[PDB]
Amino acid sequence: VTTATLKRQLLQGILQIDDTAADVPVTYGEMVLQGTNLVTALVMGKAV
Amino acid sequence: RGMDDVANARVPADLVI
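Structure representation (structure tokens):
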């Protein structure tokens, strides 16, 4: 991560570009407590 | 105990009242 000035100074002749497009995930991956996890977080105070 | 929370024989012996 850098400034545009340093990016240009690096891309002109120092570094070489490999690719211009890439693949990226689109999911957040939520999580919630249910089942035996809710009952153990009220009578004991812990969860896994 | 439990962990399910969803929310005879004739024997001789004297008995008095």
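Chains as they are written, first to last, in the authors' numbering: chain P, 290 to 337; chain L, 338 to 344, 377 to 386. Built from N, CA and C at the ideal position, the CB exists for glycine as well.
Give the secondary structure of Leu322(P) by DSSP, where H, G and I count as helix, E and B as strand, and everything else as coil.
On the first sequence, position 33 is the one that residue 322(P) refers to. In the three-state reduction of the DSSP assignment, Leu322(P) falls in the coil class.
Measuring CB to CB, does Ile306(P) end up less than 8 Å from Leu300(P)?
Stepping through the first sequence from its first residue, residue 306(P) is reached at position 17. Stepping through the first sequence from its first residue, residue 300(P) is reached at position 11. Cβ distance < 8 Å, so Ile306(P) and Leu300(P) count as in contact.
Cβ neighbours of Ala330(P) in the same chain (closer than 8 Å, five flanking residues each side left out):
What you label residue 330(P) is simply residue 41 of the first sequence in a count that begins at 1. Excluding residues within five positions, the ones whose Cβ falls inside 8 Å are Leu322 and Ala336.
Could you check the C-alpha separation between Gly324(P) and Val315(P) for me, to the nearest Å?
For the purposes of this step, residue 324(P) is taken as the residue at position 35 of the first sequence. For the purposes of this step, residue 315(P) is taken as the residue at position 26 of the first sequence. Cα to Cα, the separation comes out at about 28 Å.
Do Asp342(L) and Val313(P) count as a contact pair if the criterion is CB distance below 8 Å?
By one-based count along the first sequence, residue 313(P) stands at place 24. By one-based count along the second sequence, residue 342(L) stands at place 5. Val313(P) is not a Cβ neighbour of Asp342(L), given a cutoff of 8 Å.
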